Amino acid sequence: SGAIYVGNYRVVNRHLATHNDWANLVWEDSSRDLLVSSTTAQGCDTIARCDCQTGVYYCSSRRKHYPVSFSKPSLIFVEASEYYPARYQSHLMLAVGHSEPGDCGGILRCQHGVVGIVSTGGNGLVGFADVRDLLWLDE
Ligand SMILES: COc1ccccc1CC(=O)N1CCC[C@H](C(N)=O)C1
Ligand SMILES: [Zn+2]
């Protein structure tokens, strides 16, 4: 599990979104595995505006923060989930690191703040749904 709470937005994995996220849809993208819903409260997570490629991600399945080098946002193939079929996920960033299904939502952080959230893994890899392009979260 895990979300980002910036201003009046909740950023979650689309495949872990709730009835309340959809009741309050702002933007979803199946191909990015991203959904934003509107909150009544205010949130003060800082989104990073950078092209950093090193960072720290929370790993719920080890209860640990792990430093990673990670790739540039790209299209990468993703085996048939229970949530999606076999497809190219866009805006994905891979790193060498432990992940398992429950670890989706875990935050990737860099010196300039929240980079994105765990979204994929497999074979000692871990994939991050980038959120730095989504300038509209700021304003
Ligand atoms: C944290 O991910 C894992 C790590 C190790 C093994 C399996 C998984 C699960 C996984 O990757 N997916 C299930 C949810 C939808 C995901 C997608 N973006 O389509 C694909
Ligand atoms: Zn950065």
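Numbers in chain A track Swiss-Prot; the residues on display, in order, are 869-1007.
Structure determined by X-ray crystallography, 2.1 Å.
Heads up, the Cβ atoms here are built off N, Cα and C, so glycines get one too.
Taken from Swiss-Prot as is:
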{"type": "ACT_SITE", "residues": "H883", "note": "active site, for protease 2A activity"}
{"type": "ACT_SITE", "residues": "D901", "note": "active site, for protease 2A activity"}
{"type": "BINDING", "residues": "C918, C920, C978, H980", "note": "Zn(2+) 1 binding site"}
{"type": "ACT_SITE", "residues": "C972", "note": "active site, for protease 2A activity"}
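Structure coloured by features recorded in Swiss-Prot.
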residue	record	Cβ contacts under 8 Å, 6 or more apart
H883	active site, for protease 2A activity	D901, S949, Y951, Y952, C972
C918	Zn(2+) 1 binding site	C978, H980, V983, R1000
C920	Zn(2+) 1 binding site	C978, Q979, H980, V983
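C972 (active site, for protease 2A activity): 23 other CB atoms within 10 A of its CB, across all protein chains. A Cβ distance below 6 Å to any atom of ligand 1 is met by none of the binding-site residues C918, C920, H980. Residues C918, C920, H980, taken from the recorded positions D901, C918, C920, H980, are distinguished by a CB atom under 6 angstroms from ligand 2. DSSP gives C972 (active site, for protease 2A activity) a coil state; it is part of no helix or strand. Look at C978 (Zn(2+) 1 binding site): DSSP puts it in a strand. What surrounds the Zn(2+) 1 site, by Cβ distance within 8 Å of the Cβ centroid and not counting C918, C920, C978, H980, is the set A916, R917, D919, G923, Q979, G981, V983, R1000 from the same chain.
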